[PDB]
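> Got a sequence here, can you build the structure:
(chains A, B and C)
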Amino acid sequence: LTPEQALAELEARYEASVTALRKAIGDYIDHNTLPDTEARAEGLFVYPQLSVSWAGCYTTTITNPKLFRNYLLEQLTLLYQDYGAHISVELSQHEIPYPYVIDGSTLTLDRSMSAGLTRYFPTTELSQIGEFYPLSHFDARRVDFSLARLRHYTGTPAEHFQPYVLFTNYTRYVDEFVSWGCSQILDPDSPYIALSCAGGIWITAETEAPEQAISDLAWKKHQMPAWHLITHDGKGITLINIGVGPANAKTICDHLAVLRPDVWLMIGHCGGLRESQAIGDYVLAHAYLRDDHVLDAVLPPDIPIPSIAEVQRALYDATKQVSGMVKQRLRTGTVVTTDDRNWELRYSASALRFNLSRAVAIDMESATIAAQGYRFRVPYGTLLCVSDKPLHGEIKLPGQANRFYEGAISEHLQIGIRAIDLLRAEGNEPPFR
Amino acid sequence: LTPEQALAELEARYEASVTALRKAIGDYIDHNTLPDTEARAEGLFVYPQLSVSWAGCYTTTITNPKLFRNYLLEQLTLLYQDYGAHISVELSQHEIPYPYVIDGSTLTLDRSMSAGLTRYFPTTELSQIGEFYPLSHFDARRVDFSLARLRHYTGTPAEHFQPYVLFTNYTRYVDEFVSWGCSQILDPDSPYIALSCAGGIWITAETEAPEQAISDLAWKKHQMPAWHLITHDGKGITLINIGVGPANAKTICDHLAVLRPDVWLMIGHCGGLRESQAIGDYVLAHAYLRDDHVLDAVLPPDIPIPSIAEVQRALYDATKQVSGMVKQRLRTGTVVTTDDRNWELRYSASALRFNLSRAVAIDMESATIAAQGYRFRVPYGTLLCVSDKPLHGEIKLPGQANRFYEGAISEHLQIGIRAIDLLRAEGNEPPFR
Amino acid sequence: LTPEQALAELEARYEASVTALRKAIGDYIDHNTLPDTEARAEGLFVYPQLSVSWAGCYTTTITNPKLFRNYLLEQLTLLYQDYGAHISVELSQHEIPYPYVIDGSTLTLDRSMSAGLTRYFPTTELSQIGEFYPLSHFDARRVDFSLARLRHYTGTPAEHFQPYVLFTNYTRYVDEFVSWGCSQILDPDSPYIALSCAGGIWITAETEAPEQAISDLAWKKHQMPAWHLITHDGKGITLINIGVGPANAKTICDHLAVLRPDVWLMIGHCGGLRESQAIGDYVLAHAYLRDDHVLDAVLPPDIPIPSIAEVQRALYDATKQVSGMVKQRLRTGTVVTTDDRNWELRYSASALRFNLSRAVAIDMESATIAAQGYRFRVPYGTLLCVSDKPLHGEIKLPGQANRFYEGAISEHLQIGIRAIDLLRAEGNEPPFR
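Numbers count the residues shown, from 1 in each chain, chains lettered A, B, ... in the order given. Take a look:
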């Protein structure tokens, strides 16, 4: 089959199933009626299934054909002009849980109606989330489970996310990014055409008020707000403010992997461990020592996490170009990651390991992001800036009086954006990439 | 010595030392002059030291005699009427780091001045923070290290904290508490006389505007805001919004232990694990299964963490009185604590342990607070409310559409406050309690 | 002191002490006489000691000033024109064991004389091998312990070793290297002037017979023969045939580190693990998975072993230039190292790890050499060539009928030598490098 037919059929089947389930819920609520157990067994509430045969056959269940349109289309056409494969679209035996299809009702229901919904209708089973080979990394019951939480943690629809992701932990970066984006949109000759903020704000070049992009209500309701800078093609920039901790940088990566991004970058601040370092110097990681106890059950510390040559070259070039000069202000080394925000009180232990690995800086998130980008096959990077010297009696705090690190906050972000630009300019494994 | 003399001498010595250090910094900045190494060796920049002899002698260095006045006074008078002890006050050989005494200058200094300050003046050494026996749990260099971060994480001065602490993780509780406090202050016959909010807002009964207590800027700048409801005696209520995670509930406890509170209470929501539980039911913990990897290096999981009979009795009585009825809406059991926000994806492992311990609920903070209250000898409690049923297909999210858990948010807080009231109504170990 | 005076004094003191000990042994053997315990306590049998003061003072005992002449001289002059330091030379309190000074006698002694030598003369104590800071990595009692075994394992004097070391495991490489060197020496315009073979053979351009360099008696007596290609300056090439196993590649590195080489290169063959690989393709390592149980007590597997950018760039350039074409014949990946020569019989276990690390090849020595070059601060590299496909039913043996891997043995060595040439063309830490 030509891929266009497959896409159209998938969309039609998914729409029919969702509409049927919505109407069944509606008339059960409003008339106390149950659905037949025979017609429902005719694949009435089931996900569409796609299979390609070329050695063997690979089948998976698709969950949102209208959101993954470009990715699915290019992956299907890449296996239709270079190999010999047959494409089949049919109905599966897995059912759509009802909490995922609520977009036209208001469940102001008492306990009896909730019990009836739980009893007579499909629900989520934890034994499910986790012709004989898988075609993609994830099935439908996991992608749909993750898309429901992306909209809750972040605050923006999942249709807006862009392929180049930046992570921060300091709100001044957010202010700088919003200002720079609002300045760039007004430029007549620029790819960007719109800005989407957390909370449901859509700013274009024809809005009377540009002074509501950064409101204080966003940090009230959403744990990890995100700002997207849309492009006409679909190649923009996304900024996510994860926070502080190695457990908040793992869940967001888990939920964000299902969109298949193109690159993850980390931009933050650390604390130097070498006497030659001065506040305001850049650190580039080429190896990570993992002291965060998360991910030790699925990826043991014996497994080595390498670096990616292309990303490091891009970061070095961007630093050289933007800084306008770098053998003394930029270092390359091993960064430590810990889940203990008060490691000083136990320093006398950690010191031993800090000597065996010849570490250069310490932070709290980079190793977890690198591990998650290794597990899900996403390119990753890191570029940190020294904010204090804990071991040499110049210890400071993020947000307090610091006139040398606050100066280099509007230039660190420029280095990150230039790295993204340079990366974009150039260019048992499941067959989908 | 009578304790009054000891208190006066401690205050005078501390004030003299702080003033001397401040003036030395000032004239070094403004005239490029250094201090003598001989007069400075006359105990010019040193903490006062207090010793009591009664078997043996105990000595510690005091850091802020005017903040710990009541505690020190009662502890010293309790050892002067029941034992035979001699009290001595002198000068120690430990020096006051300069970052702790900056309250009258503005260090808009370049790199040269910062280097000079680091070289010619006392600084923080990490080998220090961690007549022959200790008189208190902590020395001065640790109390002063913690008081500097209490003011940064929270946003309020350390002189306002109250002895009865409530922990939450859901901002609706904060809104309810602020409203109830502002309503209580206006009552002519009530112990409370003022409210102190995060960010530096002081509300009394004679303020024109009571509509600025809860602003959205607090969540922008401070990670863990706190609201205090002051009382004339010093017996009020403190509310702290720690957040989500087992690593944010450990650092705040580390920094808050040095004020010697009277009780820590935890008020939040969990996810039920038993089929008989309905959304809106109360869970009371009598044992904790610790799956959070923090604190496993200083308190191994073999050590048992018991419960406190007085606190559990108070919580049961408060629930019975406020709820106005409890053998079916209230359960007692074992709660699990995990650092993985997506445990469902790995459920098939954890299930085994969930069967061996006969668990009743799952949450993310209670076990760490209980362990920290065990280490520092502070009474602790816990009272959770079921918000979803993950294993039985009724899984929900905090902040989403939930009309049965949002109803019992103005009554859960009342149960907590009544428990605090009931607890207040009644009533190698260092000699200080 | 000017460094020349220090060198002359060190040489004179060492020569005097060695001569005194030799004569004492001689006259004890030939006349049954003992040495005085008072004159001997005048520093009569002691190592010279060198100290430099510049912050603090560093002292170490020198063992062979006439062999380390250039290294010591340049390190001492580098600290005399860039810093302020004072140089002192004196006598230490450590004694020279007699087994290290036997170069003029023949101990055809019975048991009585051996017992007398052990009793009345200094001997080796195992508590010793393993003004207040160390000036170099090793002291005299360890350097002298290692120089005695370099001459036994290898078969050549320690004065001939060159700074650029190549490791092999296949004797055909040795034959090719000997032939190429003997051809290069005869060239009138070439840096090389002599060849030194294992067993004590010295070949120059004026020898009648060039057909005795490669004799079969070398493999009889010496475990790890080495061939040196001397240069007039001191910049030549050394080839060492370590053998097979991860325990023979660790002891030779231990003993060879004390000469401070400039680069270690590994050249061997592996077994591919990817279906796209064909026999005769090159693998370049950028991360090592360590399954050899040696070195797990001094460098745990948690510590990451990075790669060196300069060496990898040189290897890539050399492959591109020599091969005369490389995106398909050259791969970059993770190599596994194991101490089990029959891993196939247990494959069903190792497979799991082979999937977590995305490995590309398997060998038996590279990871140990990389770890040893990390511990002693020596640059390291690796370039392997595929010889069989164990997992895809093309398994072969080294030395058996293989007409595609035997062709690329005279070109692999050329790539290694070109890499050495390119590296030479360009260009709590002890102060000596």
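> Name all residues that make contact with the closest residue to residue A:3 other than its chain neighbours.
Distances taken as CB to CB, 6 or more residues apart in numbering or on different chains put residue A:76 closest to residue A:3, at 4.2 Å, once the chain neighbours are dropped. Heads up, the C-betas are built off the backbone N, CA and C, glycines and all. Residues near residue A:76 by CB atoms under 8 Å, 6 or more residues apart in numbering or on different chains: A:3, A:6, A:52, A:87.
> Among those residues, which one lies nearest to chain C?
residue A:52 (20.0 Å; CB to the nearest CB).
> what about the nearest residue to that closest one once chain neighbours are set aside, how many neighbours?
Among residues not flanking residue A:52 along the chain, residue A:85 sits closest, at 4.9 Å (CB to CB, 6+ apart). The number of residues packed near residue A:85 is 15, by other CB atoms under 10 Å in any protein chain shown.
> Verify the stated contact: residue A:85 with residue A:77.
No - the criterion here is CB atoms under 8 Å, and residue A:85 misses it with residue A:77 at 10.9 Å.
> tell me the secondary structure for residue A:129?
Secondary structure assignment for residue A:129 (DSSP: H, G, I helix; E, B strand; the rest coil): coil.
> Which parts of chain A belong to which domain?
Here the domain parsing of chain A from curated CATH domains is A:1-131, A:132-433.
> Please identify the most buried of those domains.
Neighbour counts (mean count of other CB atoms under 10 Å in any protein chain shown) averaged over each of the domains of chain A peak at domain A:132-433, with a mean of 18.
> quick one: that domain to chain centroid distance?
10 Å (CA atoms, centre = their mean, to the nearest Å).
> For chain A, just list every one of the helices.
A:3-31, A:69-78, A:111-120, A:140-153, A:171-185, A:218-221, A:248-256, A:309-323, A:347-356, A:366-375, A:412-425 (DSSP state H).
> Those helices into TSV, with extra columns for distance to residue B:427?
TSV is the format used below for the helices of chain A (distance: least, CB to CB, whole Å):
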stretch	distance to residue B:427
helix A:3-31	54
helix A:69-78	66
helix A:111-120	42
helix A:140-153	44
helix A:171-185	44
helix A:218-221	39
helix A:248-256	40
helix A:309-323	61
helix A:347-356	39
helix A:366-375	46
helix A:412-425	55
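> who wins for proximity to residue B:333 among those?
helix A:111-120 (22.8 Å; CB to CB).
> Quick check: residue A:247 vs residue A:382, distance?
18 Å (CB to CB, to the nearest Å).
> And residue A:3, by the same measure?
In terms of CB to CB, residue A:3 sits 38 Å off from residue A:382.
> got it, and residue A:104?
Distance of residue A:104 to residue A:382, computed by CB to CB: 44 Å.
> cool, residue A:19 as well?
For residue A:19, the distance to residue A:382 - CB to CB - is 46 Å.
> for the contacts of residue A:76, which one is nearest residue B:210?
Once CB to CB is applied, the member of the contacts of residue A:76 that ends up nearest residue B:210 is residue A:6, at 62.8 Å.
> Can you verify my assumption that that closest one contacts residue A:89?
Yes - with contact defined as CB under 8 Å, residue A:6 and residue A:89 form a contacting pair (5.4 Å).
> hey, what's in contact with both of these two?
residue A:50.
> need the residues of the stretch 201-350 of chain A near chain B, please.
By CB under 8 Å from any CB of the partner chain, the residues of the stretch 201-350 of chain A that approach chain B are A:215-217, A:219-221, A:223, A:244-248, A:251, A:254, A:278, A:293-294, A:297-298, A:339-342, A:344-349.
> and chain C, which of those residues contact it?
Answer for those near chain C: none qualify (CB under 8 Å from any CB).
> Spatially, which two of the contacts of residue A:76 are the most separated?
Maximum pairwise distance in these, criterion CB to CB, is 10.4 Å, between A:3 and A:52.
> Now list whatever residues contact both of those two.
Counting by CB under 8 Å, 6+ apart, the residues touching both residue A:3 and residue A:52 are A:76, A:87.
> how about the nearest residue to residue A:388 once chain neighbours are set aside, what does it touch?
Excluding the flanking residues, the one nearest residue A:388 by CB to CB, 6+ apart is residue A:396, at 4.1 Å. Residue A:396 sits next to A:387, A:388, A:402, A:405 when contact means CB under 8 Å, 6+ apart.
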